[PDB]
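See structure below.
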Amino acid sequence: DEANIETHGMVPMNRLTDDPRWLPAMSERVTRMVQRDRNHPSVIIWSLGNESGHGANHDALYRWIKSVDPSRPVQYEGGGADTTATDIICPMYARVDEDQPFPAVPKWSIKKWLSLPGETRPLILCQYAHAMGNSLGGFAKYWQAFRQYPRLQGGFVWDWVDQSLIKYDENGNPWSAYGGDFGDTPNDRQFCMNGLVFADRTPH
Amino acid sequence: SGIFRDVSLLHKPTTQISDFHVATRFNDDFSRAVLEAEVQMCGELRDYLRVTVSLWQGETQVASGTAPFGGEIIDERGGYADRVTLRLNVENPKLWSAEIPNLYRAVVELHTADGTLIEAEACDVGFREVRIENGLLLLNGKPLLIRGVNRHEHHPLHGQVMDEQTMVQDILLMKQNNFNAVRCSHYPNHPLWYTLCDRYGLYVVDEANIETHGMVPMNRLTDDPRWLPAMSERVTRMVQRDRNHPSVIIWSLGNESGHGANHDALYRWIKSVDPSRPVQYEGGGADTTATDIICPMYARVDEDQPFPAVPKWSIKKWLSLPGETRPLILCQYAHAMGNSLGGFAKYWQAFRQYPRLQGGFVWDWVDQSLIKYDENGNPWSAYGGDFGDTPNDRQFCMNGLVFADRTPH
Ligand SMILES: OC[C@H]1O[C@@H](OC[C@H]2O[C@@H](O)[C@H](O)[C@@H](O)[C@@H]2O)[C@H](O)[C@@H](O)[C@H]1O
Ligand SMILES: OC[C@H]1O[C@@H](OC[C@H]2O[C@@H](O)[C@H](O)[C@@H](O)[C@@H]2O)[C@H](O)[C@@H](O)[C@H]1O
Ligand SMILES: [Mg+2]
Ligand SMILES: [Mg+2]
Ligand SMILES: [Mg+2]
Ligand code: NA
Ligand code: NA
Ligand code: NA
Ligand code: NA
């Protein structure tokens, strides 16, 4: 269960989450979620949101949850996937054997990440295998690694269902539309369709 | 069998230096060091006796300390009146490593206050710190990448007798072939070897002469307290002999003797007596309580071999097993028997990618073949069974990167 906090478009990404003036608004997104959902057995992990860098507001909120509900781990991927605001190394799109050593926020091979000096946490990818279009090549390589390494405890595929929307042609017949099809601009075109299933639930 | 290393006579004074230990400690950036030397005497104590420890860089004396005997109080009965510890401050020391084997000379003099020398002892000193931190084996604060080989003391004509020319030949070929480390498989070596490794620059794993491989199970003796005394001397007397060589960076408790409580006792003894070097030991699964380094033999890079009790996990996976944090350096890997070394690049790629995979020691340097002569008197290379020996293990004695005469494979 994940708080409704994503500030991906900021530059740098943590511009708001490291600003104390935004701590109150962020706090309510996290606290009100825990107050609503904490009795559901299906929730096993809380997440602090998505793609909002790593700011001090995250560390304050991580600790709040750890205090109020010690029954569930807290994870958060921003700022490098392995910051002090996450109990689980939870990268997005880290590869199985290939490192992508981006500055400040490298994406190590998952097998390598587990054993970096001093690291001891489990690793569960918050997003992996981007199923956009004809994709999922290399899926098996993840599963072989998850089964061989105890601390590679799986992951969440990206993602379930294409976000295509229905439009109707001049003859009234429906068709699947994506970014820019409503006059929207700028837009990111077909990047909204990344699912294992089509919007109507037919499998890819 | 036989008397296969040197025999000598040594004439010491009755009041003499009976032992000395040199340690070097550093500040955070290695810009300052303290050399501390504990010196012990035998003989009759006299108030006019003194010890001076002097440190030389070439022909220049850089530090010195002099004191009478009498150590600090250590317990309710006092201290060692027959010992003294000198402490020398050394600014910006030249550090020792296999890359640049900088050495100083320490001279330990037992003398009188008014200047007469009774006798002197001395050693080459390499300033370096070896420690494991955060899962990495560091030398002078930097993480090593061990390009090692295991080397037996073997000569095809002389057997297990070692000579300077051969040792030098081996070191030169090792360095010329990008090795920086050697494991004394599986016993303390001829004394000259450590002096050469100190001077030419190779990291050394010094290993006690204890291997009980043929027991069933392998720890039958090493888990038996009645064998603790015999084992103990093999480890303690090695540390007593070799502790002042800078090239020795890691102590090993022996080889292929399972994992017994005697190992745990001896591991602890070394950690108490010499905190300056990690202790490793592979027996009993390579990651037991008796080793500071996961040090398997022939663990594969990607492939697990999950043997009961003593599995050989893929080295990449081993590092990350739940709770594990130690560095991993293979004590033996890539078995170079005959036409072999297939797969060698796979190890290197992994060692460079994983910080905590810090290398390994290839098995092994030189084939143990022996020369025999045909009726013609022409020589030929012999292996197991060729002397009528039986049972024997045939050509398993030839696993070297070089032939017995040092020609490369
Ligand atoms: O389905 C789209 C996918 O995009 C991911 O971001 C892609 C790539 O876009 C660049 O604009 C960013 O600066 C770069 O860091 C980023 O990796 C995003 O991580 C996923 O959550 C998803 O939206
Ligand atoms: O160069 C020989 C090599 O033998 C290694 O042991 C090999 C093999 O011996 C068999 O008797 C056992 O069934 C098996 O478990 C063992 O692996 C030894 O580990 C090396 O140190 C080396 O002598
Ligand atoms: Mg666009
Ligand atoms: Mg003098
Ligand atoms: Mg046989
Ligand atoms: Na797993
Ligand atoms: Na998308
Ligand atoms: Na490495
Ligand atoms: Na052999």
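Every number for a ligand or one of its atoms is a count from 1 in the order of the listing. In what follows, chains carry the letters A, B, and so on, assigned in the order in which the sequence lines appear, proteins first and then strands, with residues in each chain numbered from 1.
Taking atom 5 (C) of ligand 2 as the reference point, the nearest protein heavy-atom neighbour is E256(B) OE2, 4.4 Å. The protein heavy atom nearest to atom 3 (C) of ligand 2 is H335(B) NE2, 3.9 Å. Atom 6 (O) of ligand 2 has its closest protein heavy atom at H213(B) CE1, 4.4 Å.
Applying the 6.0 Å contact sphere to CD1 of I44(A) captures no more than 12 heavy atoms from other residues, nucleotides or ligands. Environment of CZ in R237(B): sparse, with no more than 12 heavy atoms of neighbouring residues, nucleotides or ligands closer than 6.0 Å.
Checking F146(A) against the Na ion (ligand 6), an N/O/S atom falls under the 3.0 Å cut-off. At least one N/O/S atom of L357(B), from backbone or side chain, sits under 3.0 Å from the Na ion (ligand 8). With 3.0 Å as the limit, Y354(B) counts as an N, O or S neighbour of the Na ion (ligand 8).
Between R220(B) and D223(B) there is no salt bridge, since no side-chain nitrogen of the basic residue lies less than 4.0 Å from a carboxylate oxygen of the acidic one. Ion pairing between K111(A) and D97(A) holds under the 4.0 Å rule for side-chain N and carboxylate O. One finds no salt bridge joining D99(A) and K107(A) here, because no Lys/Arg side-chain nitrogen approaches an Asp/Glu carboxylate oxygen to under 4.0 Å. For the pair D364(B) and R183(B), the salt-bridge criterion is not met [side-chain N within less than 4.0 Å of a carboxylate O].
At least one N or O atom of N399(B) sits closer than 3.5 Å to an N or O atom of ligand 2. Considering both main-chain and side-chain atoms, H186(B) never comes within under 3.5 Å of ligand 2 through any nitrogen or oxygen pair.
Atom 21 (O) of ligand 2 lies below 4.0 Å from at least one non-hydrogen atom of the protein. Within 4.0 Å of atom 1 (O) of ligand 2, at least one protein heavy atom is present.
Relative ring orientation between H335(B) and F396(B) is described as tilted, the plane-to-plane angle lying within the 30° to 60° band.
Look at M337(B) and you'll find every heavy atom at least 4.0 Å from all atoms of ligand 2.
Judged by distance alone, the side chain of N262(B) and the main-chain N or O of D224(B) form a donor-acceptor pair under 3.5 Å.
Exactly one of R268(B), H263(B), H259(B) qualifies for a side-chain contact (heavy atoms from CB on, under 4.5 Å) with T289(B). That residue is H259(B).
If you number the atoms of ligand 2 from 1 as listed, the ones under 4.0 Å from a heavy atom of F396(B) come out as 1 (O). Every atom of ligand 2 is numbered from 1 in the order shown, and the set under 4.0 Å from a heavy atom of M297(B) is 19 (O).
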